[PDB]
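Participant: experimental structure below, sequence on top.
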Amino acid sequence: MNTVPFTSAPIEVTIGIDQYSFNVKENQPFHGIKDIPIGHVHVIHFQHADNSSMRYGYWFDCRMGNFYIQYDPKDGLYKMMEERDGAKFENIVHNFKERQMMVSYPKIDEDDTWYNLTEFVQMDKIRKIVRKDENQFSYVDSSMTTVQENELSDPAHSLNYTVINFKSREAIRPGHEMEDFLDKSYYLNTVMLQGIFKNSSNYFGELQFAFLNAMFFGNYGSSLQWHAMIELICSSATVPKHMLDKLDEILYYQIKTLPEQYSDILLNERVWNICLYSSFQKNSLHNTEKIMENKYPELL
Amino acid sequence: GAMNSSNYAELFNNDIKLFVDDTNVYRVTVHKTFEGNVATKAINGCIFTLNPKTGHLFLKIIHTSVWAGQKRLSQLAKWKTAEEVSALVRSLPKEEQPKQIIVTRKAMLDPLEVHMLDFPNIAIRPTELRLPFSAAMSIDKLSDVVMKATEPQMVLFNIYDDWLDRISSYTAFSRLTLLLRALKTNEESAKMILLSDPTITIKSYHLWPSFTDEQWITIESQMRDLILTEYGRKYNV
Ligand SMILES: CCNC(=O)c1ccccc1Br
């Protein structure tokens, strides 16, 4: 069980750690988060009490280094940093734990939600989507645009998700125009799975990471990417059986976790109605269709 | 974006453009079978591709053999239309290719966009305009060549005859749309109007009769009346 200490909390802030969140008051004696499960990526995120504009946060994996948070009064945000001195770090953490100044990652033992939302998400792939190679952790915020959004403006601060475009030469083989547009199996299986992602695990990882950025930061380009990756599968007549079964589980847990009150801005009516009721896979997502119909029957 | 009443003169500027109408591509007769069920029989169709500035009509005849063994023919018809329009564009010299293609029905947008991905600089546009191009098969010479075709064939016409020698392309398009709208509303009456006076003939190389300027005014008046009356003949006013 790993720990992310905080130097201090000088501004009032709501702090999130994965799907959990808690309020910290200005100058409250808060010194971090302990008992973080090893084996998963994690995200620690922030919303200041005075400017709910810009939710922002950091993806990290405690196996990759010792990380802490320190507020920067010049740039005005809580920054993640790596402590390279391992003995200095262990000492700091032990002092803060002895003084009981840390919240505990509050995982219920029955609860597999976080695993189910990050099953295929790897830090190494996160770091290729979010390019900042001097750090082992990755910053994301509400405003960052995606490479594809830029094409349609700062590149260093972009989300380099894999570009998916259904009306593109990459998606449409010469001479198979109608075939490839109405059945996207070529584009899914040959172009994307075999060619770009290499396997379905990496495809699902990017899909899960896009959803999480949409949900936790309200990042619009991430929401677009999540829906595009769903639609590309549902609009393919030929999809491996294990991929469909896994997609159903992935989306089930995403829909389960989504705040009821954010469905209006994070769920695209057209994609979901198409995917559940018209597409080739309209009958292959039983778990997802059941939770959608019981939780958001208005959207449909 | 969409072409409408507000940007109408754009049709007659010097940027090459084509209208594409697909309403006569897939044509059927519906009939009873011996068992008393219903079936369709396809008949030859055509794509109506028109340059509104010059009158050049590229009439691609769609022979019923293209439908043999195919499913979902009304969906296929849109993609076949887009395939043939793309082939026409590729066949033209670069300086004759259109800068815009305006589809008369919005369901043509995605099929045409996908077939034209190689031409990113040709704009594919819809229109809000109630354009009467479905009535093209009421022009006798056009209907005749479509029905006689025994194989795929492209036939070139000028839908304005020689009108542009005397009138502008705006006026020629307005006359064409009035005639075609008239033929769509009451084909028999419209055709009676056009052919009543046997001394005015259709030249072998033309589609419409050789009216004098003054005779076109009377004709145009008669077509408005026909439609004016028919705005009540069904709709009682
Ligand atoms: C039959 C009465 N005329 C119409 O219905 C009509 C339809 C579209 C455009 C113009 C007209 Br005048």
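Facilitator: Arrived safely, thanks for sending. Numbering: from 1, shown residues only, chains lettered A, B, ... in the order given.

Participant: quick check: closest non-adjacent residue to residue A:3.
Facilitator: Counting by C-beta to C-beta, 6 or more residues apart in numbering or on different chains, residue A:34 is the residue found nearest to residue A:3 once chain neighbours are left out, at 4.5 Å. Using the backbone N, CA and C atoms, a C-beta is placed for each residue, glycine as well.

Participant: sorry, wrong one. I was asking about residue A:70.
Facilitator: Looking at residue A:70 with C-beta to C-beta, 6+ apart, the closest residue is residue A:7, at 4.1 Å.

Participant: just confirm that neighbour contacts residue A:78, I think it does.
Facilitator: No. Applying C-beta atoms under 8 Å as the test, residue A:7 and residue A:78 come out as separate, 9.5 Å apart.

Participant: intersection of neighbour lists for the two?
Facilitator: By C-beta atoms under 8 Å, 6 or more residues apart in numbering or on different chains, residue A:7 and residue A:78 have these common neighbours: A:69-71.

Participant: from those residues, list just the buried residues.
Facilitator: Among the shared contacts of residue A:7 and residue A:78, those scoring as buried are A:69, A:71 (criterion: 16 or more other C-beta atoms under 10 Å in any protein chain shown).

Participant: residues of whatever helix or strand residue A:246 lives in that come out buried?
Facilitator: Assessed by DSSP states H and E, residue A:246 sits inside helix A:241-257. For helix A:241-257, the neighbour count (16+ other C-beta under 10 Å) marks A:243, A:246-248, A:250-255 as buried.

Participant: quick one on the thing from earlier: report the separation between the residue nearest to residue A:70 and residue A:76.
Facilitator: Distance, residue A:7 to residue A:76, by C-beta to C-beta, to the nearest Å: 15 Å.

Participant: who's more crowded, these two?
Facilitator: Higher neighbour count among residue A:7 and residue A:76: residue A:7, with 15 against 11, using other C-beta atoms under 10 Å in any protein chain shown.

Participant: domain ranges for chain B, per the record?
Facilitator: B:9-163, B:164-237 (CATH domains of a matching chain).

Participant: now do the phi/psi pair for the residue nearest the centre of chain B.
Facilitator: Nearest residue to the geometric centre of chain B (C-alpha atoms, centre = their mean): residue B:133, 3.7 Å. Phi and psi for residue B:133, reported as degrees, to the nearest 10, are phi -70, psi -20.

Participant: can you give me the neighbour number for the nearest residue to it once chain neighbours are set aside?
Facilitator: Excluding the flanking residues, the one nearest residue B:133 by C-beta to C-beta, 6+ apart is residue B:21, at 3.8 Å. When counting by other C-beta under 10 Å, one arrives at 22 neighbours for residue B:21.

Participant: mind listing what residue B:21 touches?
Facilitator: So residue B:21 contacts B:47-50, B:103-105, B:131, B:133-134, B:136 (C-beta under 8 Å, 6+ apart).

Participant: helix, strand, or coil at residue A:16?
Facilitator: State at residue A:16, reduced to three classes by DSSP: H, G, I helix; E, B strand; the rest coil: strand.

Participant: and the gap between the closest residue to it other than its chain neighbours and residue B:131?
Facilitator: Distance criterion C-beta to C-beta, 6+ apart; nearest residue to residue A:16, sequence neighbours excluded, is residue A:45 at 4.1 Å. Look at residue A:45 and residue B:131: by C-beta to C-beta, they are 54 Å apart.

Participant: cool, and residue B:145?
Facilitator: 22 Å.

Participant: who's more crowded, these two?
Facilitator: Set residue B:145 next to residue B:131 and count neighbours by other C-beta under 10 Å: residue B:131 wins out with 21 against 16.

Participant: what number of residues lie near whichever residue of the stretch 201-300 of chain A sits closest to the ligand?
Facilitator: Closest contact between the stretch 201-300 of chain A and the ligand, by C-beta to the nearest ligand atom, is at residue A:270 (30.4 Å). Neighbour count of residue A:270, defined by other C-beta under 10 Å: 9.

Participant: ok, residue A:171 next?
Facilitator: Close neighbours of residue A:171, defined as other C-beta under 10 Å, add up to 20.

Participant: backbone dihedrals for it, please?
Facilitator: Backbone dihedrals for residue A:171, given as degrees, to the nearest 10, come out at phi -90, psi -20.

Participant: same check, this time on the one 5 residues further on
Facilitator: Comment: the main-chain dihedrals of residue A:176 come out as phi -120, psi 30, following degrees, to the nearest 10.

Participant: coming back round to it: ok, then the element right after the helix holding residue A:246?
Facilitator: helix A:263-266.

Participant: buried ones in the very next helix or strand once past that following helix?
Facilitator: As assigned by DSSP H and E, the chain's next helix or strand after helix A:263-266 is helix A:269-273. In terms of neighbour count (16+ other C-beta under 10 Å), helix A:269-273 has its buried residues at A:271-272.

Participant: go on, stretch A:176-192?
Facilitator: For stretch A:176-192, burial by neighbour count (16+ other C-beta under 10 Å) applies to A:177-178, A:180-189, A:191-192.

Participant: please apply the same query to stretch B:7-22.
Facilitator: Neighbour counts over stretch B:7-22 (16+ other C-beta under 10 Å) mark B:11, B:16-22 as buried.

Participant: now render those as JSON lines, adding secondary structure.
Facilitator: As requested, the buried residues of stretch B:7-22 are exported to JSON lines (three-state DSSP):
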{"residue": "B:11", "secondary structure": "helix"}
{"residue": "B:16", "secondary structure": "coil"}
{"residue": "B:17", "secondary structure": "strand"}
{"residue": "B:18", "secondary structure": "strand"}
{"residue": "B:19", "secondary structure": "strand"}
{"residue": "B:20", "secondary structure": "strand"}
{"residue": "B:21", "secondary structure": "strand"}
{"residue": "B:22", "secondary structure": "coil"}
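
Participant: for the stretch 1-150 of chain A, what spans make up the strands?
Facilitator: A:2-5, A:13-17, A:20-24, A:32-36, A:42-48, A:56-60, A:67-72, A:77-82, A:103-104, A:138-141 (DSSP state E, counting those that start in this stretch).

Participant: how far does stretch A:117-127 sit from the chain's center?
Facilitator: Distance of stretch A:117-127 from the chain centroid (C-alpha atoms, centre = their mean, to the nearest Å) equals 9 Å.

Participant: for residue A:144, state which of the buried residues of helix A:241-257 is nearest.
Facilitator: Residue A:144 lies nearest to residue A:254 out of those, by C-beta to C-beta, at 20.5 Å.
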